[PDB]
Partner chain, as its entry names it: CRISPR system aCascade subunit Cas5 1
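Quick setup: one chain, the form deposited without the partner chain, written in structure tokens, and binding and motion questions come after.
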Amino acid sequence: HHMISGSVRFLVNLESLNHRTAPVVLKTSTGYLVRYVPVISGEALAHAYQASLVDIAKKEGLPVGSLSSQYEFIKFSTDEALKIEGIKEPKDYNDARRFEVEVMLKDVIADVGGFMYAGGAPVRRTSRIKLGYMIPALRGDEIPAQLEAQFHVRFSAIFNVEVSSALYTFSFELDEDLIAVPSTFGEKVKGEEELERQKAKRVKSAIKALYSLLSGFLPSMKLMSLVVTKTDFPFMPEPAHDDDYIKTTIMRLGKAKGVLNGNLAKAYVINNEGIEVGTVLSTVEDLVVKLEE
């Protein structure tokens, strides 16, 4: 299956950021030090992504559900939601596919972003868009000092932090070939013909929704660099911690392609950072257009 994956580096405004935290571990000469630093959750990123997809879908005439249209991504998770949406719950395990397809036909956000209905016969559709946590980018020759300069952490009277911005990174995976494809076991249902007809447009819209995550719910941030891959095998680029993450990504890309017997392995780069790369594009817009091809 074709997937689009990526690793991105953003310069984030600390005032705008400052509340989730996550651990960072430093190996010292006399042991390990664990400190918690501010992060942006994948859930927050997913909300921004899904809100953007709602706007695209409405512009493009794709179906969006009642609650999703209001940027309320309850997404068919309870009987109250189903009543609001006008969808009957699965009557048995064999009705799971009918239900999933009906939900997908009602709401492209539940298709691309997945959903989970808890009930008598539960149905879970995993998200085709997978967004990692956005955490501090651990680059350069003075990593622990930079963390101390940015955050109220000490790796060993209380004043304001020294600096005003920090580099952050996250990674993502979009399983584009699984968009509009049912995930539940069952015999074919009629609505699948209509999903097939809408698939190309749903995929394009999901790719377009990447623009607002990648261009910089979320704090003020500036795109520094990214590498985004297109593979016909599972692949995740290097996290954007080391400055050689783009170079290292291409190395592993080639190796994985051979190991997993792949036919497609394209890589696109945006570099507003001056880092070494070794297809370089100018803007996120140009990336979107290329990923749609």
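Numbering follows the first chain given and starts at 1.
Here the subject shifts to the form deposited with the partner chain bound, a form of this protein not shown in this document.
Taking the partner from the other structure, the partner chain in the deposited bound form has a heavy atom within 4.5 Å of a heavy atom of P122.
The partner chain is not drawn, but in the deposited bound form it has a heavy atom within 4.5 Å of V25.
Under a 4.5 angstroms non-hydrogen atom cutoff, the partner chain in the deposited bound form has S183 among its neighbouring residues.
Using a 4.5 Å cutoff between non-hydrogen atoms, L264 does not count as a contact of the partner chain in the deposited bound form. In the deposited bound form, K130, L131, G132, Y133, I135, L138 are the residues of 130-144 with at least one heavy atom within 4.5 Å of the partner chain, listed from first to last.
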